[PDB]
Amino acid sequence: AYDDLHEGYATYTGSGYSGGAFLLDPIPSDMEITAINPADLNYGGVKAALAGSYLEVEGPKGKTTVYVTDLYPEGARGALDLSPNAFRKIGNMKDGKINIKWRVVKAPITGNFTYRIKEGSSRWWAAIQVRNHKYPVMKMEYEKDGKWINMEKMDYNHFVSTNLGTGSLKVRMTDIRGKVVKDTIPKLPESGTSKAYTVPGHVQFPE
């Protein structure tokens, strides 16, 4: 049902390159991005399910793939708020709003995951974001005392949990198609950090 084609309208703005709700900065100024309505955003009951995903959008002039970096506040289902460069390729900007058909598509990237640890994170409370993923990340779990604890995905595109444990963290993430992948990131600090930081990933969802 995730591959299903979506129908809606699209507008444009230049607000997703910086300060987007999904905290995916920095976004290359020349990239094709988009803001997505709240309904479609939270797919499968998981908040920000499509955050960081890539959509293939088709307008009256053609198709293009966009990177979901922000939320489209009060937007209706199927509604998208594309960046100028993306909108211009599938439609006429002088039209202000265009009809579209889109669907989630494999991320046109290379490499493995990259994790972002939000400020204030530690072994007591942590928010961990997954970046550079081929498909949308549904669910993320970490291992503690031989058990896999499930982390709740938040609106700010980060998986949160408390009492993460000690030592390096063993995590496992599942995509929108049920594909699972395991990895291990360095230990979390003993006190909430002042600034967020990134940590390299060693895995990726299957093609």
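The term rigid core refers to the maximal set of C-alpha atoms that superpose within 1.5 Å between the two forms. Numbers for residues come from their place in the sequence shown, where the first is 1.
Student: State which stretch is farther from the displayed form on average in 5 other deposited structures of this protein, 3 to 11 or 197 to 205, counting RMS CA distance after fitting on the rigid core.
Tutor: The stretch that sits farther from the shown form in 5 other deposited structures of this protein is 3 to 11.
Student: Tell me which stretch has the larger mean Cα B-factor in this entry, 154 to 162 or 53 to 61.
Tutor: The recorded data point to 53 to 61.
Student: So 16 to 24 or 195 to 203, which one's hotter by mean CA B-factor in the entry?
Tutor: Comparing averages over the C-alpha atoms only gives 195 to 203.
Student: Out of 92, 122, 83, 114, which shows the largest CA B-factor listed in the entry?
Tutor: Highest C-alpha B-factor among the listed options: 92.
Student: Sort the modelled residues of this chain by their C-alpha B factor and say whether residue 79 lands in the lowest, middle or highest third.
Tutor: Tercile = middle for this residue's CA B-factor.
Student: When the deposited Cα B-factors of this chain's modelled residues are ordered and cut into thirds, is residue 132 in the lowest, the middle or the highest one?
Tutor: Answer is middle: the recorded C-alpha B-factor places it there.
Student: With respect to C-alpha B-factor, does residue 48 fall in the lowest, middle or highest third of the chain as deposited?
Tutor: Its C-alpha B-factor, which the entry lists for residue 48, ranks in the lowest third among residues of this chain.
Student: Sort the modelled residues of this chain by their C-alpha B factor and say whether residue 42 lands in the lowest, middle or highest third.
Tutor: It belongs to the highest third of the chain when residues are ordered by C-alpha B-factor.
Student: Just say lowest, middle or highest third for the CA B-factor of residue 29 relative to the other modelled residues in its chain.
Tutor: It belongs to the highest third of the chain when residues are ordered by C-alpha B-factor.
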